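Just one chain is shown here, as structure tokens, and it is the form deposited in one PDB entry.
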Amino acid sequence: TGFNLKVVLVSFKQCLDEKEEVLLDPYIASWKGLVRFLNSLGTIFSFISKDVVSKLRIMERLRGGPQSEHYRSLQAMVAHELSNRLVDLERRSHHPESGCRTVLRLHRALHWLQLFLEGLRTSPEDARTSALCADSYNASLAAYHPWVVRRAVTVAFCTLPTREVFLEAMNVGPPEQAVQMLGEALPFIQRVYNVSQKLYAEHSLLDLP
């Protein structure tokens, strides 16, 4: 029953080393956990997250390929792809699937997840899970999606259960306990997101095609 979300959220701890580099292996591992979380929410969430599975595979290929060492961290990846002109900076052509542009999309998606869970964490007892999901989507990831894609994604929101059931489905006790867990574990995702955001901002990569 439900999903062991705490393990996945806490795994984001492993994504940052002492130098605050975002390590790609744990990043991919944590994201695979998030995909299993999404799968547990139902077929529509599996459907809309196919994009994320595809991008994780792209990153696994790069990390297993000849230049694997250069994808050890997002920092190493950026240095390697920029200096070797392996990133399409203006229009997608010769490197439509660079690690840089690919991780960018994973990162934007991560923001939705963290905003959704944080809204959930602080929600009143009467809040609807569907509204928390839509609101966090439209605040965040929707900005990068064409209106028609937003409509397709939105189909998913009404399939979510009540707040109580959704919280209990995290397998850590009643809603107030699940709330405690999110308070503990969310900071791990937020730190990874912030470090990643600043890295991309620093190199003017936030709008890669």
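Numbers follow the displayed sequence, beginning with 1. Throughout, rigid core stands for the largest set of C-alpha atoms superposing within 1.5 Å between the two forms.
Mean C-alpha B-factor is higher over 81-89 than over the other stretch, the pair under comparison being 134-142 and 81-89. For the pair 63-71 and 163-171, the record assigns the higher mean C-alpha temperature factor to 63-71. In this PDB entry, the Cα temperature factor of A127 sits in the top third of its chain's modelled residues, the highest group. Ranked by Cα temperature factor within the chain, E184 sits in the lowest third according to the deposited record. Annotation for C158: CA B-factor lies in the highest third of the chain's modelled residues. Looking at the C-alpha B-factors along this chain, the one for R57 belongs to the highest third. Among the modelled residues of the chain, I48 sits in the middle third by CA temperature factor in this PDB entry.
From this point on, the text means the form deposited in another entry, which you will not see here.
Only one of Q180, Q67, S54, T154 has its C-alpha shifted by 2 Å or more between this form and the one not shown once the core is superposed, and that residue is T154.
Here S98 does not count as shifted, since its C-alpha moves by less than 2 Å between this form and the one not shown after the core is aligned. Put the two forms on the same core and the Cα of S130 is off by 2 Å or more between this form and the one not shown.
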